[PDB]
Amino acid sequence: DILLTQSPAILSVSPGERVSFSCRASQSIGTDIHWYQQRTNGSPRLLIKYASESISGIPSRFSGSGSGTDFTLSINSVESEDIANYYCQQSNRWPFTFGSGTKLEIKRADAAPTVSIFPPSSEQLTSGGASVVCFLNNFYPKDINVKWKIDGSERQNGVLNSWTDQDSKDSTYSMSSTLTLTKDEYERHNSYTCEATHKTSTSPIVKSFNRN
Amino acid sequence: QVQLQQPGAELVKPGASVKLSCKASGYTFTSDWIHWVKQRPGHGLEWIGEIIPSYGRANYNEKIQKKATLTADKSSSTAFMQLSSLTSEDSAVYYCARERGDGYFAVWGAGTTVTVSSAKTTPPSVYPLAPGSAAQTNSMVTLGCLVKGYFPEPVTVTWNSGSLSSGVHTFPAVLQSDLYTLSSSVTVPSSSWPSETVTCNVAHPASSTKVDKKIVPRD
């Protein structure tokens, strides 16, 4: 069975620079290699077939090369939409096999997170629940810290965090922090506060609201 | 049009079986090969096996445990993969892809999310996320909607019935006590809302549900 090695597994690159993905087969497979792109939460998409043949609809940006055991998928001047996983797949011998895949990262300029805080809806309060939601959107790099405060006093319980992958829209990152309480617990406090700490600013970006 | 149609999700109890379907449209030939690909969360693509509907012949990956038995209905033009005796190791996204017999997969299905658990199906609760009257905006404004307490994965979130895609982020779900939770964010010109309406649509295929929520200012 053909082993397809994709190294390195992660590629980071400045916007507008040329990148090259490598794929080495355990044995000669001629030009029977194919490249597929898979973005987050999406199905694979054919970019190059038979090592170097271009697919209609695919940007001329993408090109392919190589033969025998070594193959290369090149992207000339990378842009934000190229952020995805890249797989190679041989069809020279049964069974067909896939590569391990390579993630593409983009080193863009630093961006401060846009912070937004949202009070619990009345619809949610109806069911006896109350969630305060904070969005830290479109920042770079992805390293960031969020802190909750209730009536001036830091809160960590009832907090669930979720981080997005690098956005294929603008090469940025985003994060959601949800503070869930019961309605009863929520109704006996006044001020709710979300604080975002990122390298783009010495001061924390703070968004707050009073329940009243 | 979309060539290959797969169910969005399938909930299977541990040890039980499930038959995944792939309905094909577009050009159909006797040389069409239906391939099935497995993908576990955060991992790569794994070839399961292939079937040719005209003969009923199936070939399987010998490197893995044979969980699949492949069949096909010619009268309904539908390909079927029978997964039996499933464990938690079998929870994954299963794509179906069409090969024109030339080695590469020209088109893929949407994929069927298979979750192996003993927990019960639960439809999501969708709540609006509109900012307070004390917050300040620039040239842009951010709204959202919260999807809480659903099972199993996945859910599909769109904005204004799909017409609003740019400025949209959907966060990964978090799991707590057999229930998932996520939120979706949208950003539109601050001058356009609420003068123009903004609505998020949440679809949970496992419960066959789809709901809309319009975002208005907190009065």
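Considering the stretch B:117-135 alone, what residues qualify as being free of Cβ contacts under 8 Å to residues at least 40 places away in the same chain and either of a type in the set (A, V, I, L, M) or touching a helix residue (DSSP H, G or I) at 6+ places or on another chain (Cβ under 7 Å) (or both)?
Result: B:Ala134, B:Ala135.
Of everything in the stretch A:186-212, what is in a loop (DSSP other than H, G, I, E, B) and polar (S, T, N, Q)? Give them in sequence order.
Listed by number, the residues that qualify are A:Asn190, A:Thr200, A:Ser201, A:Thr202, A:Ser203, A:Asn212.
Could you list, in sequence order, the residues of the stretch A:161-174 that are facing chain B (nearest Cβ under 8 Å), out of contact with any helix residue (DSSP H, G or I) (no Cβ under 9 Å at 6 or more places or on another chain) and surrounded by 17 or more Cβ atoms within 10 Å (Cβ to Cβ)?
If the condition is that a residue be facing chain B (nearest Cβ under 8 Å), out of contact with any helix residue (DSSP H, G or I) (no Cβ under 9 Å at 6 or more places or on another chain) and surrounded by 17 or more Cβ atoms within 10 Å (Cβ to Cβ), then A:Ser162, A:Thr164, A:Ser174 are the ones that fit.
Could you check the stretch A:175-211 and list, in sequence order, the residues that are in contact with a strand residue (DSSP E or B) (Cβ under 6 Å, 6 or more places away or on another chain), in contact (Cβ under 8 Å) with a residue 40 or more places away in the chain and among the polar types (S, T, N, Q)?
A:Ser176, A:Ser177, A:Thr178, A:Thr180, A:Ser191, A:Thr193, A:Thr197, A:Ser208
Looking at (1) within 14 Å of A:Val146 (Cα to Cα); (2) under 25 Å from the mean Cα position of the chain (by Cα); (3) assigned to a loop (DSSP other than H, G, I, E, B), can you tell me which one A:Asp165 breaks?
(1)
Restricting to the stretch A:1-52, name every residue that is in a loop (DSSP other than H, G, I, E, B), closer than 13 Å to A:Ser67 by Cβ and among the small types (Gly, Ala, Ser).
Of everything in the stretch A:1-52, those that are in a loop (DSSP other than H, G, I, E, B), closer than 13 Å to A:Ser67 by Cβ and among the small types (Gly, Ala, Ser) turn out to be A:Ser28, A:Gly30, A:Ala51, A:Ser52.
Going through the stretch A:186-205 one residue at a time, which ones are farther than 30 Å from A:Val13 by Cβ, away from chain B (no Cβ under 11 Å) and surrounded by 14 or more Cβ atoms within 10 Å (Cβ to Cβ)?
Once the filter is applied, which keeps residues that are farther than 30 Å from A:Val13 by Cβ, away from chain B (no Cβ under 11 Å) and surrounded by 14 or more Cβ atoms within 10 Å (Cβ to Cβ), the stretch A:186-205 yields A:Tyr186, A:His189, A:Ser191, A:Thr193, A:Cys194, A:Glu195, A:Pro204.
Residue check: is B:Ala72 more than 8 Å from chain A (Cβ to nearest Cβ), surrounded by 15 or more Cβ atoms within 10 Å (Cβ to Cβ) and free of Cβ contacts under 8 Å to residues at least 60 places away in the same chain?
yes
Only one of A:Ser127, A:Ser122 is without any contact (Cβ under 8 Å) to a residue 60 or more places away in the chain, surrounded by fewer than 21 Cβ atoms within 10 Å (Cβ to Cβ), under 30 Å from A:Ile205 (Cβ atoms) and within 14 Å of chain B (Cβ to nearest Cβ); which?
Checking each option against the conditions leaves just A:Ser122.
Over 23 Å from the mean Cα position of the chain (by Cα), at negative phi and either polar (S, T, N, Q) or within 13 Å of chain A (Cβ to nearest Cβ) (or both) - does that describe any residue in the stretch B:150-164?
No, the stretch B:150-164 contains no residue that is over 23 Å from the mean Cα position of the chain (by Cα), at negative phi and either polar (S, T, N, Q) or within 13 Å of chain A (Cβ to nearest Cβ) (or both).
Going through the stretch B:64-89 one residue at a time, which ones are in a loop (DSSP other than H, G, I, E, B), among the charged types (D, E, K, R) and within 15 Å of B:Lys19 (Cα to Cα)?
Within the stretch B:64-89, B:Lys66, B:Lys67 meet the criteria.
Within the stretch A:63-104, track down each residue that is more than 11 Å from chain B (Cβ to nearest Cβ), among the polar types (S, T, N, Q) and either under 15 Å from A:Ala25 (Cα atoms) or in contact (Cβ under 8 Å) with a residue 40 or more places away in the chain (or both).
Passing the criteria: A:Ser65, A:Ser67, A:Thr69, A:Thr72, A:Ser74, A:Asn76, A:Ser77, A:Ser80.
Residues that are of a type in the set (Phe, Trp, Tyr), closer than 15 Å to B:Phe80 by Cα and in contact with a strand residue (DSSP E or B) (Cβ under 7 Å, 6 or more places away or on another chain): which strands (runs of 3 or more DSSP E) entirely in the stretch B:2-62 hold 2 or more of them?
Where strands (runs of 3 or more DSSP E) fall fully within the stretch B:2-62 and carry at least 2 residues being of a type in the set (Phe, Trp, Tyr), closer than 15 Å to B:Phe80 by Cα and in contact with a strand residue (DSSP E or B) (Cβ under 7 Å, 6 or more places away or on another chain), they are B:33-39.
FYI, it's all coordinate maths here, none of it is from the lab. Ideal geometry is used to build each Cβ from the backbone, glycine not excepted, and the neighbour counts take in all protein chains shown.
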